[PDB]
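Visitor:
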Amino acid sequence: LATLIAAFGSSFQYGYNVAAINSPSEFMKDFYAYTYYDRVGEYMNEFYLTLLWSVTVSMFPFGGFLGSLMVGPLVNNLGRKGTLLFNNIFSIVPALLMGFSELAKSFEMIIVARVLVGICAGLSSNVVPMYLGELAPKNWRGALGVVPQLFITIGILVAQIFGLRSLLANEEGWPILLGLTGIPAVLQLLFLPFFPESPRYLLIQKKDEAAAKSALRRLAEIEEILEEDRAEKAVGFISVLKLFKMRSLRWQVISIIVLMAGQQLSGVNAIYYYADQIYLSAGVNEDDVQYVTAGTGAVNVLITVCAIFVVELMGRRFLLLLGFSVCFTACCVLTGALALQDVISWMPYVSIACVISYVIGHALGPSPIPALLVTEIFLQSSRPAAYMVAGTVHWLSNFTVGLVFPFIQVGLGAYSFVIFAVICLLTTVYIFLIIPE
Numbered sequence: 019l020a021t022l023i024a025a026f027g028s029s030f031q032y033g034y035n036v037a038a039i040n041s042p043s044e045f046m047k048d049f050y051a052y053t054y055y056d057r058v059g060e061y062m063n064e065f066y067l068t069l070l071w072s073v074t075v076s077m078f079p080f081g082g083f084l085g086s087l088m089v090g091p092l093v094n095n096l097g098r099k100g101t102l103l104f105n106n107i108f109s110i111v112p113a114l115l116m117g118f119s120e121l122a123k124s125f126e127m128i129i130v131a132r133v134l135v136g137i138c139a140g141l142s143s144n145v146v147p148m149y150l151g152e153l154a155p156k157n158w159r160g161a162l163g164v165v166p167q168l169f170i171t172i173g174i175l176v177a178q179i180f181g182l183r184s185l186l187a188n189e190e191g192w193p194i195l196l197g198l199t200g201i202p203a204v205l206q207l208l209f210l211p212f213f214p215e216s217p218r219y220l221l222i223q224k225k226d227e228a229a230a231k232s233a234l235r236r237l245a246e247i248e249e250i251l252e253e254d255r256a257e258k259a260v261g262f263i264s265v266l267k268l269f270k271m272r273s274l275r276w277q278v279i280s281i282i283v284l285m286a287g288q289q290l291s292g293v294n295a296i297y298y299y300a301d302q303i304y305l306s307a308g309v310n311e312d313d314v315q316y317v318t319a320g321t322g323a324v325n326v327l328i329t330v331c332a333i334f335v336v337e338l339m340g341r342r343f344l345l346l347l348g349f350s351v352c353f354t355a356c357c358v359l360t361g362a363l364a365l366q367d368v369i370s371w372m373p374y375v376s377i378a379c380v381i382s383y384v385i386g387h388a389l390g391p392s393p394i395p396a397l398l399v400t401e402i403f404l405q406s407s408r409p410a411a412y413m414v415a416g417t418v419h420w421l422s423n424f425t426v427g428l429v430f431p432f433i434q435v436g437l438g439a440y441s442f443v444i445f446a447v448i449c450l451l452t453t454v455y456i457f458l459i460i461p462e
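In the entry's author numbering, the protein residues as written are 19 to 237, 245 to 462.
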């Protein structure tokens, strides 16, 4: 039960690394600045420290983009569980890199570690539902729709409570907080080895029938069912180019690009990355920020443990529309209470509610649904190529929002969220006019 739950818990390690850089950030930037003139001797420019931190944060979703490309040759060779072991021992390297980063320097042990810890996440985000998908029985499969998403939300919360001002978030304790991401990796390297392998991979790729049957009975019925990896071999798979070329799939491709971009450019990760800096940016006391972000993640989990049943029962289109609308109206009123701060103390309580109300709205339609629709609206042939398009749009949008947002709230100030409302509005219009159930 516990190890069964901790088997797919690689999603937790993703959720951890997303918010893991929010809390220590204040104490971390100092580490950059004084390390700089402890070598060079001159102070680092105010902008370049902001440019360098934007890199630290945005290397993670960039690494995921690279790492998500490798999932194809890896699982076609190493296997599902095999690849899952590969990145785990490979996840220890960036983990201890940040943990011992206290010793030498940030320039490598952090930034180069962030891209390396991103490769693991972008890689597992495919393999994990892939490994769990082939193991699951025929009829009962899709119960995993919001299930790993729940673990991502917990990872965010854990990083926030461990990133509390009191516990690991401080000058001396932050490397322990960063390096703590390797603990569930070394924890998974224990329980997973005696977990069953992939039956579909062993029979088809490895051509071993005895290896497929033995792991099947743990759970020639399913054995002959795997002949659908033969029938599908003749059907072939559409390329990424032919996706755009096909007039049949155009309003599909256009939609997932809009959904994946809209989801990420909505500024959802702009929060979990920058939440500490976001709350400070309006009404919140320097002490209160570390406490309120921890609550924002708690709310996020409560909505996610809800939306698992809500997503399938309430429909695909409505929840999607309702979400981007809430995320739109929460941006206006926020940009908003940020704009005029003279009404304090009346304003800041509103701003905090706006961030919470945004999280709630995004955690229903915008976050879970787009990934689901790609599996549905695309045929088996175009499904592998469709995934890559959606994936590339997701990570690179995630990349840019993590990149530009410090410069946005620096440049646009209290208007920082105006660009997100424009996105939410444009997305809500598209998913209204075009996308049906």
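Cβ coordinates follow ideal geometry from the N, Cα and C atoms, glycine included.
In the region 298-343, which residue ranges form an unbroken alpha helix (DSSP H) of at least 4 residues, counting only runs that do not cross its ends?
Guide: With a minimum length of 4 residues, the continuous alpha helix (DSSP H) runs that stay inside the region 298-343 are 313-338.
Visitor: Please tell me whether residue 171 and residue 34 are closer than 8 Å, where the distance is taken between their beta carbons.
Guide: Here residue 171 refers to the residue found at position 153 of the sequence shown. Here residue 34 refers to the residue found at position 16 of the sequence shown. No; because the gap between Cβ atoms is not below 8 Å, this pair is not in contact.
Visitor: Give the straight-line distance between the Cα atoms of residue 155 and residue 215, rounded to the nearest whole angstrom.
Guide: Indexing the sequence shown from 1 puts residue 155 at position 137. Indexing the sequence shown from 1 puts residue 215 at position 197. Near 14 Å, if we compare the C-alpha coordinates of residue 215 and residue 155.
Visitor: By Cβ distance, which residues of its chain are closer than 7 Å to residue 59, with the 5 residues on each side in sequence left out?
Guide: Position 41 of the sequence shown, counted from the start, is the residue given in the question as residue 59. Hits under 7 Å: none found.
Visitor: Hey, how far is the Cα of residue 282 from the Cα of residue 74?
Guide: Translated into positions along the sequence shown, residue 282 becomes position 257. Translated into positions along the sequence shown, residue 74 becomes position 56. The straight-line gap from Cα to Cα measures roughly 26 Å.
Visitor: Where does the unbroken alpha helix (DSSP H) through residue 62 begin, and where does it stop?
Guide: Translated into the one-based positions of the sequence shown, residue 62 becomes position 44. That residue, residue 62, is in no alpha helix (DSSP H); it is neither H nor E in DSSP.
Visitor: How close, in whole Å, do the beta carbons of residue 284 and residue 414 come, if the pair is a contact with beta carbons under 8 Å?
Guide: Taking the sequence shown and counting its residues from 1, the one referred to as residue 284 is at position 259. Taking the sequence shown and counting its residues from 1, the one referred to as residue 414 is at position 389. Between residue 414 and residue 284 the Cβ distance is about 11 Å, and since that is not below 8 Å, they are no contact.
Visitor: Using 8 Å as the threshold, is the C-beta distance between residue 385 and residue 330 below it?
Guide: As a first step, residue 385 is located in the sequence shown; it is residue number 360 there, counting from the start. As a first step, residue 330 is located in the sequence shown; it is residue number 305 there, counting from the start. The answer is no: Cβ separation not under 8 Å.
Visitor: Provide the residue span of the alpha helix (DSSP H) that contains residue 164, from first to last.
Guide: Counting from 1 along the sequence shown, the entry for residue 164 is found at position 146. Residue 164 -> no alpha helix (DSSP H), and no H or E assigned at all.
Visitor: Any idea if residue 203 is buried or exposed, counting beta-carbon neighbours within 10 angstroms, 16 or more meaning buried?
Guide: For the purposes of this step, residue 203 is taken as the residue at position 185 of the sequence shown. With 16 or more other Cβ atoms within 10 Å, it is buried.
Visitor: Assess contact between the region 339-358 and the region 219-226, defined as three or more Cβ pairs (one per stretch) separated by less than 8 Å. Is contact present?
Guide: Contact fails: fewer than three Cβ-Cβ distances are below 8 Å.
Visitor: If I follow the unbroken alpha helix (DSSP H) through residue 258, where does it start and stop?
Guide: Here residue 258 is taken as the residue at index 233 of the sequence shown, counted from 1. Per DSSP, residue 258 belongs to the alpha helix (DSSP H) from 253-260.
Visitor: Sorted by chain position, which residues of the same chain lie with C-beta nearer than 7 Å to residue 286's C-beta, five sequence neighbours on each side aside?
Guide: Residue mapping note: residue 286 aligns to position 261 of the sequence shown, counting from 1. The answer, listed in chain order, is 418, 422.
Visitor: Helix, strand or coil: which one does DSSP assign to residue 183?
Guide: Counting from 1 along the sequence shown, the entry for residue 183 is found at position 165. Residue 183 falls in the coil class under three-state DSSP.
Visitor: Return the CA-CA distance between residue 445 and residue 437, expressed in angstroms with no decimal places.
Guide: Indexing the sequence shown from 1 puts residue 445 at position 420. Indexing the sequence shown from 1 puts residue 437 at position 412. Rounded to the nearest angstrom, the two C-alpha atoms are 12 Å apart.
Visitor: Tell me the residue span of the alpha helix (DSSP H) that contains residue 215.
Guide: Stepping through the sequence shown from its first residue, residue 215 is reached at position 197. No alpha helix (DSSP H) contains residue 215, which DSSP labels as neither H nor E.
Visitor: Across the region 380-400 and the region 45-63, are there enough close Cβ pairs to call them in contact, namely three or more that are closer than 8 Å?
Guide: Short answer: they don't touch.
Visitor: Go ahead and label residue 272 buried or exposed: buried means 16 or more other beta carbons lie within 10 angstroms of its beta carbon, across all protein chains shown.
Guide: Counting from 1 along the sequence shown, the entry for residue 272 is found at position 247. Counting Cβ neighbours within 10 Å, residue 272 comes out exposed, since fewer than 16 surround it.
Visitor: What is the C-beta distance between residue 226 and residue 40, in whole angstroms, given that I count them as a contact (C-beta under 8 Å)?
Guide: Position 208 of the sequence shown holds residue 226. Position 22 of the sequence shown holds residue 40. The Cβ separation is near 46 Å, so there is no contact.
Visitor: Going by alpha carbons, who is nearest to residue 209 out of 28, 411, 188?
Guide: One-based indexing of the sequence shown puts residue 209 at position 191. Here the closest residue by C-alpha is 28.
Visitor: Does the contact criterion of 3 or more C-beta pairs under 8 Å hold for the region 177-195 versus the region 332-348?
Guide: Not touching, per the Cβ criterion.
Visitor: Given this structure, state the Cα-to-Cα distance separating residue 63 from residue 363, to the nearest angstrom.
Guide: Position 45 of the sequence shown, counted from the start, is the residue given in the question as residue 63. Position 338 of the sequence shown, counted from the start, is the residue given in the question as residue 363. Roughly 27 Å separates the two Cα atoms.
Visitor: Less than 8 Å separating the beta-carbons of residue 294 and residue 36?
Guide: In the sequence shown, the residue the question calls residue 294 occupies position 269. In the sequence shown, the residue the question calls residue 36 occupies position 18. Yes, the Cβ-Cβ distance between residue 294 and residue 36 is below 8 Å.
Visitor: Quick one, which of 157, 178, 83 has its alpha-carbon nearest residue 135's?
Guide: Your numbering for residue 135 matches position 117 in the sequence shown. If we check each option's Cα against that of residue 135, 83 comes out closest.
Visitor: Within 10 angstroms of the Cβ of residue 118, are there 16 or more other Cβ atoms? Answer buried if so, exposed if not.
Guide: For the purposes of this step, residue 118 is identified with residue 100 of the sequence shown, where counting begins at 1. It is exposed - the Cβ of residue 118 has fewer than 16 other Cβ atoms within 10 Å.
Visitor: Runs of 3 residues minimum, wholly inside the region 71-158: which ones carry the beta strand (DSSP E) assignment?
Guide: With a minimum length of 3 residues, no continuous beta strand (DSSP E) run stays inside the region 71-158.
Visitor: Could you give the first and the last residue of the continuous alpha helix (DSSP H) run that contains residue 46?
Guide: For the purposes of this step, residue 46 is taken as the residue at position 28 of the sequence shown. Unbroken alpha helix (DSSP H) run through residue 46: 43-55.
Visitor: What separation, rounded to the nearest whole angstrom, lies between the Cα atoms of residue 265 and residue 250?
Guide: By 1-based counting over the sequence shown, the position of residue 265 is 240. By 1-based counting over the sequence shown, the position of residue 250 is 225. So the two alpha carbons sit approximately 28 Å from each other.
Visitor: Report all residues from its chain with a CB closer than 6 Å to the CB of residue 328; omit the five preceding and five following residues, and keep chain order.
Guide: Counting from 1 along the sequence shown, the entry for residue 328 is found at position 303. These residues qualify, in order along the chain: 385, 388.
Visitor: Beta carbon of residue 24, beta carbon of residue 205: below 8 Å?
Guide: Translated into the one-based positions of the sequence shown, residue 24 becomes position 6. Translated into the one-based positions of the sequence shown, residue 205 becomes position 187. Result yes, Cβ atoms of residue 24 and residue 205 sit closer than 8 Å.
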